[PDB]
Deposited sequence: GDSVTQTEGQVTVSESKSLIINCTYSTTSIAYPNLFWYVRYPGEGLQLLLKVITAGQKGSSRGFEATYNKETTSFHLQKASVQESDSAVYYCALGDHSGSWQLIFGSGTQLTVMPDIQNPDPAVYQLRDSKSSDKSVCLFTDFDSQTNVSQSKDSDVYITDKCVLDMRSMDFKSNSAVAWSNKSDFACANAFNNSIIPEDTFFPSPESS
């Protein structure tokens, strides 16, 4: 019907591991399609990444590659070893060889590649406010990238998503998630679900 469909939602892969982002297309009015991949890095606009205009030819850019396959009517995006800088939203777009048809963009697949934590050191800490000593938040830090930090089960306690920071000066990366509350709650059990008690470190506050 002159359209594009690709992988829905989000895809999560580990750093330096294979990635495949499916895409396919249909055609009714476009006589000879050209196929494009567009990337949108966080806080940026879409820019062209890959582009193939000829049947059965392969286009490659920044470690990615896609093959205009007319037999399967696809254009899957592949990469052997993704880096952490590839975390972005990828869009599959469809045009015509004439250049007269406006690009038909897909819904867009979101890719987040998690870093390779070599020395996981799970621990929950309790930080106090610089102004007062009453208010306090909880920090779950230094856990492995595979840890799915489930959250927001209780409504009285808030838990954020995992976050990777990069100490570029120190060449060190680590995950972290924050939990806090307003009810008089213990930091240790705030991450009750996404925690392995035997391995994580619990200091005596």
Q.
Missing C-alpha coordinates: which residue stretches of the deposited sequence does that apply to?
A. 185, 207-209
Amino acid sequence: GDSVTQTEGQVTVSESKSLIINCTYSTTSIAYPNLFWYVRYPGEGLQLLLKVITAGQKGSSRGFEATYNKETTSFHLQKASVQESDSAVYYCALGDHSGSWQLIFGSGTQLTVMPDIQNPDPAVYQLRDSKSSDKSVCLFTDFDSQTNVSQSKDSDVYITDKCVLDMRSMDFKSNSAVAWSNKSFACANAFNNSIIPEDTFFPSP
From here on, numbers count along this sequence of modelled residues.
Q: Can you let me know which of the two, 77-85 or 90-98, has the higher average C-alpha B-factor in the entry?
A: 77-85
Q) Of 170-178 and 32-40, which one has the bigger average CA B-factor? A) 170-178
(Q) Just the C-alpha B-factor column, please: which of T141, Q47, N148, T160 has the biggest number? (A) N148
**Q.** Among modelled residues of the same chain, the CA temperature factor third for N69
**A.** middle
Q) In terms of the CA temperature factor given in the entry, to which third of its chain does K153 belong: lowest, middle or highest? A) highest
(Q) Based on the deposited C-alpha B factors for this chain, I'd like to know if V124 is in the lowest, middle or highest third. (A) lowest
**Q.** Ranked against its chain, the third holding the CA B-factor of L103
**A.** lowest
Q.
Quick check for you: using the entry's CA B-factors within this chain, is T27 in the lowest, middle or highest third?
A. highest
